Amino acid sequence: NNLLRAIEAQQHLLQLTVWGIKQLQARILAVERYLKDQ
Amino acid sequence: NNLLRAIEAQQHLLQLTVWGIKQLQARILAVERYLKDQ
Amino acid sequence: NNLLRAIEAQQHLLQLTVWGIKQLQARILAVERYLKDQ
Amino acid sequence: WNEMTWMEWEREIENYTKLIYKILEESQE
Amino acid sequence: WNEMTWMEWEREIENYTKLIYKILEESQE
Amino acid sequence: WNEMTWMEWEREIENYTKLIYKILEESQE
């Protein structure tokens with residue numbers, strides 16, 4: 001049970017890191033494009 | 001025991017990815033602000 | 001068995017987040033350097 | 001790795017995530 | 001998700017991390 | 001944490017990853 005609970009919580013952590021990476025990728029891409037456009 | 005050890009090591013990996021995401025977020029934010037300011 | 005399978009899949013997720021963070025770090029660094037150079 | 005796109009990355013993340021959900025659900029029964 | 005801030009993100013990360021620590025500690029006893 | 005570089009980060013990631021591989025392999029035997 002403890003191991004299952006740990007995996008469950010770690011999956012939530014993974015989902016949070018994925019959210020963060022997706023937002024950072026969009027933001028860096030927007031900056032790269034801004035600089036190209038300028 | 002093996003599963004516990006794997007979870008423990010994976011938690012350290014998660015912590016490392018969190019460190020990295022936090023630093024990248026700060027750095028992209030600083031760039032976004034620099035460009036806004038310019 | 002289920003717990004092992006979950007850990008295995010989560011390791012693949014971790015590897016994917018690491019790939020993403022590495023690429024974002026390189027891209028932000030390139031932008032930071034571009035702006036310094038300009 | 002150098003031959004992977006962000007859309008493929010999202011697809012792979014989704015696939016593993018769905019698998020893990022299914023495994024965890026089956027662990028409850 | 002689109003309604004979440006980075007401060008909230010850090011809070012949620014911290015909360016799950018602390019929970020996992022506690023679970024792992026209890027697994028040792 | 002503030003005293004860590006990206007090369008050190010990669011090293012630590014690699015070390016934990018290799019350990020996990022070994023543990024998972026041993027779980028199969």
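Just so we're on the same page: letters track the sequence lines, and every chain starts at 1.
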Within a strict 4.5 Å, meaning less than it, do heavy atoms of the C/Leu13 and D/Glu12 side chains meet? no
Applying a strict 4.5 Å limit to non-hydrogen atoms, the region of C/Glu8 in contact with chain D is neither
Between D/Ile20 and C/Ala6 the two heavy atoms that sit nearest each other are CG1-O, 4.2 Å
Highest number of heavy-atom pairs under 4.5 Å with chain D among C/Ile7, C/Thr17, C/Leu16 belongs to C/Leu16
By side chain to side chain donor-acceptor pair (under 3.5 Å), D/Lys18 pairs with (sequence neighbours left out) none
Quick check on C/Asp37: does its CG atom have over 12 non-hydrogen neighbours (other residues, nucleotides or ligands) under 6.0 Å away? yes
Donor-acceptor pair, D/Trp1 side chain versus C/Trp19 backbone, under 3.5 Å?
no
Checking C/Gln10 against D/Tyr16 for the side-chain contact (heavy atoms from CB on, under 4.5 Å) test, could you report, in this order, the C-alpha distance in whole Å, the side-chain angles of both residues, the deciding distance, and whether it holds? CA-CA 7 Å; C/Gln10 285 182 328; D/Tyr16 285 117; over 6 Å; no
Honestly, the part of D/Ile13 sitting under 4.5 Å from a heavy atom of chain C is both
The interface call for C/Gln11 against chain D, heavy-atom contacts under 4.5 Å, is neither
Contact list (residues 22-29 of chain D to chain C, heavy-atom gap under 4.5 Å, by number) returns D/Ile23, D/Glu26, D/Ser27
